[PDB]
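Read off the chains here:
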Amino acid sequence: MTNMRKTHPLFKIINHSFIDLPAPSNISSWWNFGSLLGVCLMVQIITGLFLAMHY
Amino acid sequence: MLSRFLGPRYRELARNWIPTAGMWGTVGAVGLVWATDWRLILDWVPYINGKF
Amino acid sequence: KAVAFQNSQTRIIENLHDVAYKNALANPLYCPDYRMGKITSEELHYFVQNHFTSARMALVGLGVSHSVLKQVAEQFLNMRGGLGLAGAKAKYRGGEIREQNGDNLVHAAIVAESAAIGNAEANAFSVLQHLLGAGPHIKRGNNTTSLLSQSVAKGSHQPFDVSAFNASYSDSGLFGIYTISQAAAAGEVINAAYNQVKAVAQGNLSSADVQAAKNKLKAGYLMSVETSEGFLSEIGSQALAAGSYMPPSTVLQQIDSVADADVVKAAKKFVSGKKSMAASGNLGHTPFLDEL
Amino acid sequence: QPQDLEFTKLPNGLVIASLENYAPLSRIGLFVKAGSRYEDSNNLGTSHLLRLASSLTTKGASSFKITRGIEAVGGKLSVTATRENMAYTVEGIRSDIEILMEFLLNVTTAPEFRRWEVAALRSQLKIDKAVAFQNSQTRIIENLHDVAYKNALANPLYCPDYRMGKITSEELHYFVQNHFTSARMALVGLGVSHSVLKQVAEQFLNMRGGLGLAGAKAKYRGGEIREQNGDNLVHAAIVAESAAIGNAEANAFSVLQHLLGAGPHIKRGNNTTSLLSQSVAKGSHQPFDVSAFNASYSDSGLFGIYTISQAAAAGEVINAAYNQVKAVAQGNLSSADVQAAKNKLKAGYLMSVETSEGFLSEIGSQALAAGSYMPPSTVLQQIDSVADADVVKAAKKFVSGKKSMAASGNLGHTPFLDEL
Amino acid sequence: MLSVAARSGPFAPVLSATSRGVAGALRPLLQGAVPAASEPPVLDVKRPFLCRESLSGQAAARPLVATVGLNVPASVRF
Amino acid sequence: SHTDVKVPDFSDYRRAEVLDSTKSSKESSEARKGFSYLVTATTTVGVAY
Amino acid sequence: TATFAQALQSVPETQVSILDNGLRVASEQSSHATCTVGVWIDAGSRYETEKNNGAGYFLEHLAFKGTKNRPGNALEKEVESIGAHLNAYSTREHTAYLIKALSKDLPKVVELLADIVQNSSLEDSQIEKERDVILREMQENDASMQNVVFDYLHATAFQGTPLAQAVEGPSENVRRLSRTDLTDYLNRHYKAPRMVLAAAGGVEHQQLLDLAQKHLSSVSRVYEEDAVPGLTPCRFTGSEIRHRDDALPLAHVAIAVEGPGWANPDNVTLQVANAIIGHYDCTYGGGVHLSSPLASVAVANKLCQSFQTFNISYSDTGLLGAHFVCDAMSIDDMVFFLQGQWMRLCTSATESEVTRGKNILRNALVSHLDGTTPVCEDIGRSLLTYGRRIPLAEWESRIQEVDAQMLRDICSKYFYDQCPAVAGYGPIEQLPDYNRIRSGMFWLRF
Amino acid sequence: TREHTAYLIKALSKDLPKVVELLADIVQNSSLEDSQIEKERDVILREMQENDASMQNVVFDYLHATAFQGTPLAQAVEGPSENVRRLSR
Amino acid sequence: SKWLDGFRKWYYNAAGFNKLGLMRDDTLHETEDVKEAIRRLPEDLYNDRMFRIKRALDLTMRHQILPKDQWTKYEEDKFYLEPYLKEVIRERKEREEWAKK
Amino acid sequence: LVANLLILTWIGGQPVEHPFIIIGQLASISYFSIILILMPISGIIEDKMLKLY
Ligand SMILES: CCCCCCCCCCCCCCCCCC(=O)OC[C@H](COP(=O)(O)OCCN)OC(=O)CCCCCCCCCCCCCCCCC
Ligand code: HEM
């Protein structure tokens with residue numbers, strides 16, 4: 001057997017980025033903000049797609 | 001804070017690199033003239049005086 | 001090999017057998033570093049067909065009847081000749097080896113020739129080995145009945161251990177002193193042990209201590225065969241060495257027949273014999289064979 | 001004609017020697033009696049790392065300054081080491097000798113010996129020991145010195161594997177402050193005048209004055225060592241004790257090794273005049289080479305035979321060589337062969353002092369040992385003043401003494417010392 | 001004839017080791033290279049014996065016997 | 001041995017200016033790379049146009 | 001006091017004289033008690049016609065195995081009677097037999113050399129024995145990967161020409177080697193006008209000239225066919241040989257371009273270029289503070305085991321480049337760095353590097369010429385290649401003419417935008433393709 | 001161990017009354033003297049210094065310390081060094 | 001005079017790293033020169049620096065500080081990286097002035 | 001600087017009347033001066049003030 005999270009060629013990127021990424025323990029709430037930006041970005045895209053469906 | 005770059009070796013390096021940089025600037029100038037069809041230059045070249 | 005060489009006793013015993021014999025006993029248990037990656041399967045087939053022959057094997061069973069042993073013996077074992085290759089008689093060499101490897105403790109083994117298995121002097125050498133000391137009996141004791149430990153601790157004040165090393169083979173044997181001492185105190189421990197054995201060789205010993213050594217040897221032999229694996233190992237070793245089974249009471253009464261003059265003779269033979277030394281550690285203060 | 005070699009004994013014990021060659025390049029070297037003879041068991045391999053620390057940071061010159069300053073002028077800095085002495089030699093153009101002597105004396109007098117630099121250097125000394133042990137003669141001569149001497153010369157040229165990662169800067173400083181003292185320094189210069197060397201020596205090397213820590217006094221133990229490593233060839237070195245340097249018996253042993261065979265003279269030669277080669281060639285039919293080994297130090301020497309032969313025929317080669325030396329010791333030698341050996345020894349010494357670096361090595365060695373220079377004509381006269389009875393006595397001393405045998409290869413047929 | 005390394009004829013660079021800190025203009029013969037060799041395995045450290053009671057029993061007294069099991073760890077007795 | 005290792009003939013592949021093993025190179029080499037870089041140059045002129 | 005140019009002026013001049021046979025007798029005198037006397041012959045492996053490829057090497061083998069005047073090992077005994085050293089070598093263009101001896105035996109050694117010039121007995125049993133010895137030492141020389149890479153580079157750089165063939169020749173030529181072809185080679189390649197008798201050390205030119213007039217008179221003087229043998233030029237070929245054998249631990253790669261030759265003076269400038277790059281191996285003690293950028297990068301990134309730069313010259317041709325041994329996992333990177341350094345010398349050679357290279361070249365030129373043997377070698381090869389012994393003062397004058405402008409002009413002439421010859425041996429999978437190397441031989445930024 | 005103590009003699013069958021007598025008076029009339037108190041005080045200090053280098057013992061002591069926190073099962077058989085420096089008769 | 005020292009002490013208290021148990025030399029942003037200075041440190045000072053940085057990160061995670069008796073005082077604030085850093089800058093300047101010539 | 005950005009945000013929604021021109025000019029001048037000039041000067045000042053150089 002093997003570890004599917006670390007050996008799959010697609011899941012290795014998600015494991016290296018958002019699962020087993022080493023991060024500082026003492027970062028404050030401001031370090032949330034950029035991730036929120038990414039979420040807000042895709043939110044815009046989703047809403048924009050539906051605003052592209054009737055404009 | 002670029003006082004590291006004051007010396008005879010850097011001066012000799014820059015002096016060696018003047019003509020290559022000048023030739024590359026000539027290439028960039030000719031490329032910007034040709035790709036934009038600038039009337040300030042092609043009206044002085046004798047052959048290209050047909051489109052203006 | 002790298003796991004088994006974590007104990008310095010292993011390396012000292014390997015070097016001691018390498019120096020003590022010219023051939024046929026100086027071959028190591030473990031494979032040398034140059035031979036790794038160069039041992040072929042054809043040599044293994046050659047070794048199997050030349051040494052796994054019929055008259056050199058004993059099948060020993062505990063908890064299993066004799067008839068199925070004979071059926072397995074006639075079924076699986078009867079296609080080999082019996083002799084194979086004989087050997088090279090294990091001639092004695094002598095000398096010394098010193099390994100400067102930088103350890104906290106210095107290990108020194110000084111050995112000489114002894115009796116082989118089956119002679120009348122091998123039991124005397126075992127009695128002498130238990131007289132000089134061949135292992136502790138109390139956890140965190142002081143070894144008052146051990147002559148070597150008492151003689152060394154008469155003049156020493158640092159951690160140490162002295163024992164008597166004994167090994168018996170079919171044709172040759174080895175008997176000597178094993179010392180673990182400090183780096184700067186190795187010479188005192190080695191000289192104290194050697195002077196104690198030289199005092200034993202001149203008849204300066206107590207017959208009560210010989211009786212205690214006989215009791216210790218009988219107790220150790222009887223405790224070596226109480227387990228099933230030790231019993232099987234002793235039966236197989238006796239069947240290979242002599243071809244017949246010896247009951248333990250006969251071994252005990254053979255132990256009891258050892259005289260004190262035999263112990264003095266064994267100590268004198270060790271003192272007068274040629275020496276092989278294996279030393280390892282910080283050997284700036286460890287003495288030499290001609291300086292003893 | 002260049003000027004004569006000239007000496008000066010300074011009051012701090014330093015011996016400076018200079019010859020004005022009017023050479024295009026000058027070579028200047030400092031010879032220090034600080035070999036591996038002076039290491040006890042607690043500082044093994046200190047001389048090897050001190051040899052490899054010739055470009056570390058010193059006071060007034062860093063590692064970058066030393067390397068970029070010697071490498072810009074084209075000159076070189078090298079250091080050689082026997083078991084008894086070291087030599088730091090620089091060489092370069094005569095217009096660069098001032099900064100070359102400044103770099104040499106800063107390297108050899110006051111090294112800072114920082115911790116991180118020797119921590120970098122220990123991997124380099126491991127690589128150096130691996131490259132040096134790539135051949136076969138070095139390991140067997142190292143084991144021969146391990147078994148031949150019980151102290152003070154069994155310390156090897158190269159650092160042992162257990163000591164790697166364990167030499168600190170403190171014991172390097174301790175070794176330098178004990179054995180780099182001014183009473184055992186010979187500053188020699190070819191191509192530089194005596195005024196420059198004298199003024200630099202008086203201006204800079206008044207830091208230490210003492211005699212230093214000495215008192216090694218190596219002793220002989222004998223014995224044998226066997227290295228089963230499965231090579232198809234078998235190397236063997238069988239030696240015994242012999243007289244020290246600076247004696248008539250040393251010249252007798254040199255005449256004896258040039259009689260018995262002391263290296264080839266002809267490229268792919270048949271070794272016609274070597275007695276050991278004659279005996280083995282009349283005995284064998286395999287490729288081989290047998291030579292005579294002689295290493296004579298200040299207090300003791302080793303003389304013997306060195307054979308490389310086949311694995312299956314090592315015993316006959318070693319027995320033939322030993323029987324040839326036994327025949328020489330009994331008196332079976334002619335005066336023409338002794339005269340040929342004397343001529344070979346004279347030519348060997350004169351070719352050894354041919355080039356400038358070998359000549360400077362000879363200057364530094366004789367300045368350390370004697371404080372002056374014997375001309376080569378006096379050395380040839382000392383060679384010519386040896387009788388053949390001294391050669392017979394040297395061979396008899398080798399035969400009738402206890403032996404040290406180092407062997408390597410497939411030693412199944414290799415005889416032990418009791419069988420010779 | 002002093003200079004022991006030069007006195008020994010063929011064994012001149014065997015009895016003496018020469019290195020350099022600054023490379024010369026002349027290229028040395030036999031430049032040489034360390035091949036990529038093997039590495040020893042990493043084993044856990046063992047108990048030291050810095051008192052007299054722990055050294056009790058550590059001295060060898062018997063012929064050395066090795067034992068390799070299949071699912072039993074390999075052991076050795078002195 | 002390694003001295004047996006011999007390069008075969010390429011005469012069915014070489015250019016006409018380097019077919020002779022007796023005459024030296026470096027006389028017609030500049031002409032050969034001039035032809036090759038002229039091919040490269042006119043291709044780059046075409047794709048730039 | 002004295003400066004460097006005055007000290008080079010004080011070096012004694014090499015005296016050259018001629019014979020009626022055409023022999024060139026040259027001598028340099030010093031104050032040494034020893035001397036080196038040798039014979040240099042302009043006959044290497046370039047003069048063979050592919051059916052006698054191992055002929056000169058096999059003559060070098062049989063040259064010391066007896067003559068007609070001194071049959072057998074007694075000749076060897078003569079060389080060991082006086083404590084003399086007898087050495088020889090054979091190249092692709094030269095052959096040399098030299099003896100180191102004292103000065104007092106200076107007559108007889110010349111006579112001994114004369115014997116090896118012109119009375120070499122070739123016994124058939126000696127032919128079979130030396131055939132076995134040649135096969136043994138070719139299979140010994142196969143182990144040394146550096147010589148294999150050298151022979152591979154010569155084979156792939158001069159294909160179809162007499163310069164591709166090795167000095168020792170192929171094995172089959174050693175097997176079928178007769179005596180008649182050796183006699184023909186000795187007759188047509190050991191003539192008097194292609195020989196220099198060179199002496200260095202404690203010699204006198206008049207005594208040596210008298211000895212050459214006595215012993216070395218009438219060597220051949222006759223071509224025996226009225227057919228003078230010459231040397232056609234050898235065509236350089238930009239090509240690539242890759243010997244892949246992954247069982248070896250290390251890989252050796254040599255990259256070369258065509259050199260100018262012997263008489264073309266920019267050789268001296270090219271020497272300075274090599275002196276900028278230099279040599280490095282793992283036993284050095286400079287660390288990251290080495291002056292060469294390639295050596296410093298190789299130390300810092302642990303790239304190469306060793307590298308060297310060479311400028312090998314033959315008659316109007318040669319090789320010019322680098323050779324490095326390294327592990328597989330660095331090979332490509334090393335090539336990149338090496339090519340970068342070459343283009344640096346083609347584009348941005350500074351004055352400090354030129355001064356350092358000039359100092360290194362002065363040190364190498366003088367430090368090579370120590371002792372009688374390299375001086376005698378310099379005399380023999382100088383009279384064979386240039387036709388004259390070039391003095392060290394002329395070398396100093398030639399070095400002083402070099403500034404950075406002509407150095408980068410010469411490097412742009414020889415290195416820039418040229419097809420190299422690549423020879424590889426070992427785990428050379430990561431050795432780049434020839435298109436990548438040829439692309440790396442120029443810069444897009446120039 | 002953490003909850004058991006054993007004192008055992010292995011001997012022959014003939015010496016059964018003597019080994020019963022030694023096992024009886026060892027656990028009943030053990031003589032303690034202050035010189036012996038300090039002697040095995042330094043001996044147990046050196047034993048603990050030796051046992052610090054066995055990583056399996058250190059890990060199992062850590063596991064017992066962190067799995068049984070605040071209970072008498074967390075403390076080791078040897079105890080800390082301050083107790084063996086301060087235990088008395 | 002002493003007023004500048006007292007005002008420096010007030011600014012040292014106002015900076016705030018001493019309330020995390022840090023020293024001044026721990027607060028250096030590690031460039032290549034500072035990295036080589038840390039690489040040249042002895043093992044005990046390196047271990048003390050690593051523990052001080054780890055404790056400061058643990059306190060900054062919890063948004064807390066040490067008690068006022070455990071604050072790093074201005075008197076015993078030993079400047080341990082200054083001589084290693086000074087030699088690193090000096091060697092870098094030597095390399096710089098060699099490369100500029 | 002942050003409060004100056006807030007001021008510029010407030011001024012940007014105002015017409016070009018008194019006193020918004022002078023306030024906006026002072027705000028932009030202070031914005032460029034704080035970003036370009038005063039922040040490295042303050043960094044050098046605390047570098048001196050902590051005995052860093
Ligand atoms: C004392 C407390 C009284 C009340 C008690 C209740 C508790 C309150 C909190 C007590 C805190 C105790 C001290 C602990 C905090 C740390 C120290 C501190 O903050 O001190 C106050 C500080 C001193 O300055 P500090 O940064 O420490 O050092 C400067 C070097 N001398 O001082 C400052 O930072 C003052 C900053 C003043 C800034 C004025 C700016 C004027 C100009 C603004 C222009 C902006 C807009 C520009 C627009 C342009 C275009 C129109
Ligand atoms: C690809 C993804 C996007 C699409 C398809 C998209 C599409 C649209 C469409 C169709 C409108 C006009 C609908 C309306 O406003 O009535 C709009 C308005 C707008 N979008 Fe997006 N948009 C996208 C991403 C974004 C992003 C990333 C932003 C910036 C955060 C953005 C900012 C705006 C704004 C400010 C308006 C004006 C809203 C208003 O009327 O007040 N959009 N978008």
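About the criteria used
- Residues numbered from 1 in each chain as written, not as in the entry; some residues may be left out.
- Chains lettered and ligands numbered in written order.
- Part of a larger assembly, values for the part shown.
- Heavy atoms only, no water.
- Helix = DSSP H or I, 4+ residues; strand = E, 2+ residues; numbered from the N terminus.
- Rg over C-alpha atoms; globule rule 2.2 N^0.38 Å.
- Buried < 20%, exposed > 50% of the residue type's maximum accessible area, 1.4 Å probe, protein only.
- Areas by Shrake-Rupley, 256 points an atom, 1.4 Å probe, with all protein chains shown as cover.
- Contact = heavy atoms within 4.5 Å.
- Buried area = accessible area lost by both parts, 1.4 Å probe.
- Salt bridge = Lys/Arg side-chain N within 4 Å of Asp/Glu carboxyl O.
- Polar contact = N/O pair within 3.5 Å; in protein donor to acceptor, adjacent residues only side chain to side chain.
- Nonpolar A, V, L, I, M, F, W, Y, C, P; charged D, E, K, R; others polar.
- 1 Å grid on protein atoms, 1.4 Å probe; cavity = no way out; pocket = protein on both sides within 12 Å on 5 of 7 lines; lining within 4 Å.
- Points joined across faces, edges and corners; volume = space filled by probe spheres on them.
- Near = heavy atom within 4 Å.
- Expected span 1.5 Å × (residues − 1).

**So, the overall build of chain E**
Then step 1. The number of helices and strands found in chain E is two helices and three strands.
Then step 2. The order of helices and strands in chain E, counted from the N terminus, is α-α-β-β-β.
Then step 3. The C-alpha atoms of chain E give a radius of gyration of 25 Å, which is well past the 12 Å a tight globule of 78 residues would have.
Then step 4. Its C-alpha atoms put chain E at 60 × 35 × 25 Å along the principal axes.
Then step 5. In chain E, which comprises 78 residues, the share counted as buried stands at 42%.
Then step 6. For chain E, the accessible area works out to roughly 4,400 Å², and carbon and sulfur atoms hold 62% of it.

**Section: the interface of chain D and chain G**
Then step 1. Facing the 43 residues of chain D at the interface are 54 residues of chain G.
Then step 2. Buried area between chain D and chain G, summed over both chains or domains, comes out near 4,000 Å², and the portion from carbon and sulfur atoms is 56%.
Then step 3. As a salt-bridge pair, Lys267 of chain D and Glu60 of chain G come within 2.8 Å of each other at their nearest N and O atoms.
Then step 4. Our count for the contact surface shared by chain D and chain G stands at 22 residue pairs in polar contact.
Then step 5. Contributions of two or more residues to the side of chain D that touches chain G are made by helix 2 (63-72), strand 5 (86-93), helix 4 (115-132), helix 11 (335-352) and helix 12 (356-369) of chain D.
Then step 6. Here the side of chain D that touches chain G is built from residues that sort into 17 nonpolar, 16 polar and ten charged.

**Regarding empty space enclosed by the protein**
Then step 1. Enumeration over the complete set of coordinates arrives at seven cavities of 30 Å³ or more.
Then step 2. Estimates place the volume of the largest cavity at around 60 Å³.
Then step 3. Every residue lining the largest cavity is listed: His258, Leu259, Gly261, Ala262, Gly263, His265, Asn271, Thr273, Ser274 and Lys344 of chain D together with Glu80 of chain G.
Then step 4. The class makeup of the residues in the lining of the largest cavity is two nonpolar, seven polar and two charged.

**Things to note about the site of ligand 1**
Then step 1. The immediate surroundings of ligand 1 are formed by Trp10 and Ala14 of chain I together with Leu26, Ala27 and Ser30 of chain J.
Then step 2. Within the complex, 20% of the 1,300 Å² of free accessible area of ligand 1 lies under protein.
Then step 3. Of all the secondary-structure elements, those providing two or more residues to the shell around ligand 1 are helix 1 (2-15) of chain I together with helix 2 (20-49) of chain J.
Then step 4. In terms of residues, the shell around ligand 1 owes the most to one element, helix 2 of chain J, which gives three residues.
Then step 5. A per-class count over the shell around ligand 1 returns four nonpolar, one polar and no charged.

**Details of the interface of chain C and chain D**
Then step 1. The interface of chain C with chain D comprises 14 residues on the first partner and 15 residues on the second.
Then step 2. In total, about 1,300 Å² of surface goes out of reach between chain C and chain D, with carbon and sulfur atoms giving 46% of it.
Then step 3. On the chain C side of the interface with chain D, the three residues burying the most area are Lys22, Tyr34 and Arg93 of chain C, jointly 39% of the side's total.
Then step 4. Taking the shortest distance from any N to any O, the salt bridge between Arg93 of chain C and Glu224 of chain D comes out at 3.4 Å.
Then step 5. Taken together, the connections running from chain C to chain D amount to seven residue pairs in polar contact.
Then step 6. Classifying every residue of the side of chain C that touches chain D by side-chain character gives two nonpolar, five polar and seven charged.

**Examining the site of ligand 2**
Then step 1. What surrounds ligand 2 is the set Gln44, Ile45, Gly48 and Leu51 of chain A.
Then step 2. Here the shell around ligand 2 is built from residues that sort into two nonpolar, two polar and no charged.

**Examining helix 2 (residues 34-51) of chain H**
All names here are of chain H.
Then step 1. The first and last C-alpha atoms of helix 2 sit 25 Å apart over 18 residues, in line with the 26 Å expected at 1.5 Å per residue.
Then step 2. Turning to helix 2, its buried residues number three or more, namely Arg41, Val43, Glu47, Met48 and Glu50.
Then step 3. Check the buried side of helix 2 and you find it contacts helix 4 (81-86).

**Concerning the pattern of salt bridges**
Residue and element names in this part refer to chain G.
Then step 1. The tally for this structure, following the rule as stated, stands at 54 salt bridges over all chains.
Then step 2. Across the pair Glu128 and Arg131 runs a salt bridge, and its minimum N-O distance is 3.1 Å. Placement of both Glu128 and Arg131 in helix 5 (residues 124-141) is noted, with a separation of three residues, approximately one turn of the helix.
Then step 3. Since its relative accessible area comes to 7%, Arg131 is described here as buried.
Then step 4. With a shortest N-O distance of 2.9 Å, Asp417 and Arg438 are connected by a salt bridge. Of this pair, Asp417 sits in the loop between helix 16 (404-414) and strand 12 (421-426) while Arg438 is found in helix 17 (residues 434-440), placing the two residues 21 residues apart along the sequence.
Then step 5. Of the residues examined, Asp417 reaches a relative accessible area of 18% and is grouped as buried.

**A short note on the environment of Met405 of chain D**
All names here are of chain D.
Then step 1. Following the sequence through the fold, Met405 ends up in strand 13 (residues 403-409).
Then step 2. A residue is classified by how much of its surface remains accessible, and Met405, at 1% relative accessible area, is buried.
Then step 3. Not counting the four nearest positions on each side in its chain, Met405 is found in contact with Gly223, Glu224, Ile225, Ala236, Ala237, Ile238, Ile318, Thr414, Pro415 and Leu417.

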